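Reviewing the structure listed below.
Residue numbers (the working numbering), protein chains in the order written: chain X, 20 to 518; chain C, 16 to 98; chain P, 207 to 362; chain G, 207 to 362.
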């Protein structure tokens, strides 16, 4: 039940304009496709919807969770939405016939900074580019001018689209905001705005955080909700998401028995704790993702050779220098995965660069990074990454980050292999388990943590990864005694069931 | 028949398939700046001097540079009638 | 909202016939071939299952084979702000219109014989102007007019 | 000049079958449904009169309907300067090739169910690369592959 289910029940059954202030990650795509599926299920008319993001990887993820439809829905980025729905069909009507239809969007060499010379370029040499200042949008201004100037654009964009789904409004240009409340106010289109407020914004350099901070305090005509994506899936596991160390201890409900926790004998080894739970108890599954989040890397590698003598061959990726908090991890990880694997496609690298929709020009950067395929380990990485970041924009996000990227391929391999294919039985530490979710989390008692009254946030964020099953053992008698003391401190008699 | 189907093959992928033939504003008068215009701002026009043809020079360069343009223009057309 | 007229410029027995239309049209008369050819012209314009077979030699007048078959249908498109099927057409037509002719829409069908493969190809165009009609876009076996219209043929 | 292989990735009883081909192919065996479905897959790829009807629910494996039907045929295109049908393909394919892959050509068919109109649309693509295949252009009821090929089906 609790906040996840009641927020889901409220948000799904709404019909008005919705504003969702969520947290960091935790499946915004899940609530987005659930609301999209509910809205498409309840509607039997001819109208369609438009889902809007920045990266088209999220677009193919959204249509993968959605499936197939021929109703006419638009899934993609806002650049493609403005290009194919407002600019291209009505540029010949809004600004006379002498303005041209068939045109190419290219924002890699253009740095002009006026509207007049911009539509002079669009009339004479028919190239649509970008503004010089990062906090502008020539395309959205042109779309707003087309919508205010052309009747048939208003008729089409009112007669086709029913709801518009905006994501990542925390980093959004003010021209996008102007076009979106113009679509909301006059043309009477419903809006589903999701996002998070402030908390270390990145992506699409030039963010204007006061946009999303403009419709939290002063806005009135918006049904507002907090985070609806759960911290943990299922129901019984969420109890320890409310544990923390203080205050939220009061917010947790009482239960006489929790079915999602299994406690076992501590005398025997885990390598057949797994064999007892999978075979004799039929609790765990080898074919499901089976991950122990632990720390103290020397005993982790000890567990590794113990498990290779067991036979299932657990794999370890440690904390890379790339794994530190940086605004540019997500693209250079794709660059290194395309370079050092051998067969990764260039469109998989193309799927993350800012606004994408880049045709005919992927070879300009694949030539540069194909020049990066020479090993040449001494000094060529600096200038080829320099001309790459001149090519791909988001400049001067480097110096420390170029060294963090350098230390990955130093010695030609950081860990001899990397996350190349899909394999099971992975192990992550607390420095790198954030972001990627695990089906079964089998922490193995969080060795010597609870009775010390410290190391508690580490096993808490270890338990944040679990979906359906998590196991906590009393590995020590004083560990069980401190568990009993802590559950006296909760004023709750049972939070853990031992079989 | 020569420029549009094979521009992306004869002069690399960075050259555009899409272009518009406009010869009322263009008066640039070199080959180098001409294909700079055709690559960057993707307009094919005319020369400044009247006794020149940028389009036919580009067609000759595309035909001499691309194999498949020669295969297509040999395997389709049999006779050419000039008036 | 409301149909305006149909011009049949070549068919099995039509030379050049301009019939004003409306909603709820009732045809009658003496010859049954002309009435069933009127209904077959409407089916060739609007039904996908009949249009996919194309035309034969016998679908031209006098089997003359050298004349282009043209069938044009006009709509009113004017009664907006209260009507639902207006939006049903506008949402699929997209940018095939002009703001000067906000009303009046045209859907047209053209055909010319091949005389070598013995096949008459059917090409569909639409637009808000009498000339400069553009082709109806479509991916595979279907186009946008199949998404617009649904034709039910009732015969005992 | 010479066929290379056909990969059927979904059909009535084909899961993922990669059959090497040539000119003068002879198929035989015990079950007749698989052989007649091989011939029907070739007819769906190359014959216009069978492709125009589209796919039904029964043309997918296990009637599962959620899987894309893919049929790809590969050619050699290498034996030039002496062959006539090579020119017959290059004259119509036009600018769908690359000079790096002067040899080897791909013709592919894709299909995906609609689940609302109960109709499986058939979309044809071709190109000299395994990815970035472009759609075959066509005006009305025909496309360029109908101008290339002529299929004769002989059944007593």
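Positions of the beta carbon are idealized from the N, C-alpha and C atoms, including for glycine.
Output the distance between the C-alpha atoms of residue 278 of chain G and residue 310 of chain G, rounded to the nearest integer angstrom. 13 Å
Report the rounded CA-to-CA distance for residue 171 of chain P versus residue 207 of chain P, giving the unit in angstroms. In the structure as shown, chain P starts at 207 and stops at 362, and residue 171 of chain P therefore has no counterpart that could be examined.
Same chain, Cβ closer than 8 Å to residue 53 of chain X, five either side skipped, listed in chain order: Only 27, 31 meet the Cβ criterion.
How big is the Cα-Cα spacing for residue 280 of chain P and residue 108 of chain X? The C-alpha of residue 108 of chain X is placed about 22 Å away from the C-alpha of residue 280 of chain P.
DSSP three-state call for residue 50 of chain X: helix, strand or coil? helix
Limits of the beta strand (DSSP E) - the one that residue 502 of chain X falls within: First-last for residue 502 of chain X: 496-508, but that is the alpha helix (DSSP H), not the beta strand (DSSP E).
Can you tell me whether residue 55 of chain C is helix, strand or coil according to DSSP? helix
Could you check where the alpha helix (DSSP H) with residue 436 of chain X kicks off and where it finishes? Premise fails: residue 436 of chain X is in no alpha helix (DSSP H) and is neither H nor E.
Could you tell me which of C/38, C/73, C/71 sits nearest to residue 60 of chain C, measuring between CA atoms? C/38
Counting only C-beta atoms, is residue 333 of chain P closer than 7 Å to chain X at any point? no
What number of angstroms, rounded off, separates the C-alpha of residue 177 of chain X from the C-alpha of residue 208 of chain X? 7 Å
Residue 235 of chain G in three-state terms, based on DSSP: coil
I'd like to know whether the C-beta of residue 318 of chain G is nearer than 7 Å to at least one C-beta of chain X. yes
Is residue 81 of chain X closer than 7 Å to residue 94 of chain X when the C-beta atoms are compared? Yes, the pair counts as a contact, with Cβ atoms nearer than the cut-off.
Pop quiz: residue 158 of chain X and residue 113 of chain X are said to be a contact at Cβ under 8 Å. What is the actual Cβ separation, rounded to whole angstroms? That belief does not hold up - the Cβ atoms of residue 158 of chain X and residue 113 of chain X are roughly 14 Å apart, past 8 Å.
Residue burial classification, residue 269 of chain P (beta-carbon count within 10 angstroms, cutoff 16): With a threshold of 16 other beta carbon atoms within 10 Å, residue 269 of chain P falls short and is exposed.
Please tell me whether residue 310 of chain X and residue 319 of chain X are closer than 7 Å, where the distance is taken between their beta carbons. no
Apart from the five residues just before and just after residue 179 of chain X, which ones in its own chain have a Cβ nearer than 8 Å to its Cβ? 66, 67, 91
Can you confirm whether the stretch 294-301 of chain G touches the stretch 352-361 of chain G when touching is taken to mean that 3 or more C-beta pairs between the two stretches lie within less than 8 Å? yes
Please return the same chain residues whose Cβ sits closer than 8 Å to the Cβ of residue 256 of chain P, not counting the five positions on each side in sequence. 246, 249, 250
Would you list, in chain order, the members of the stretch 45-77 of chain C that have their beta-carbon closer than 7 Å to a beta-carbon of chain X? 55, 56, 57, 58
Nonlocal neighbours in the same chain, by C-beta distance under 7 Å from residue 218 of chain X, ignoring five residues either side: 43
What does residue 318 of chain P pair with, by DSSP beta-bridge criteria? Answer by DSSP bridge pairing, in chain order: P/327.
Quick one: using the 10 Å Cβ neighbour count with 16 as the cut-off for buried, is residue 31 of chain C buried or exposed? buried
What is the residue span of the alpha helix (DSSP H) that residue 281 of chain G lies within? For residue 281 of chain G, no alpha helix (DSSP H) run applies; the uninterrupted beta strand (DSSP E) run containing it begins and ends at 275-281, by DSSP.
Who are residue 38 of chain X's beta bridge partners in DSSP? X/212, X/243
Determine, using beta carbons only, whether residue 284 of chain P and residue 170 of chain X come nearer to each other than 7 Å. no
Three-state secondary structure (DSSP) of residue 348 of chain G: coil
Report the three-state DSSP secondary structure of residue 204 of chain X (helix, strand or coil). helix
Can you tell me whether DSSP reads residue 459 of chain X as helix, strand or coil? strand
Hey, could you find the ends of the alpha helix (DSSP H) residue 209 of chain P is sitting in? No alpha helix (DSSP H) contains residue 209 of chain P, which is instead part of the beta strand (DSSP E) from 209-214.
Considering just the uninterrupted stretch of the beta strand (DSSP E) at residue 180 of chain X, what are its terminal residues? Taken as a continuous stretch (DSSP letters only), the beta strand (DSSP E) holding residue 180 of chain X covers 180-185.
Residue 406 of chain X beta carbon less than 7 Å from that of residue 387 of chain X: In contact: residue 387 of chain X and residue 406 of chain X (Cβ atoms closer than 7 Å).
Can you determine whether any heavy atom of the ligand SAH sits closer than 6 Å to the C-beta of residue 182 of chain X, and answer yes or no? Although the ligand SAH was asked about, the structure shown includes no ligands whatsoever.
Specify whether the stretch 222-230 of chain P and the stretch 311-319 of chain P touch according to this definition: at least 3 beta carbon pairs, one from each stretch, less than 8 Å apart. no
Is residue 149 of chain X helix, strand or coil by DSSP? Taken through DSSP and simplified to helix, strand or coil, residue 149 of chain X comes out as coil.
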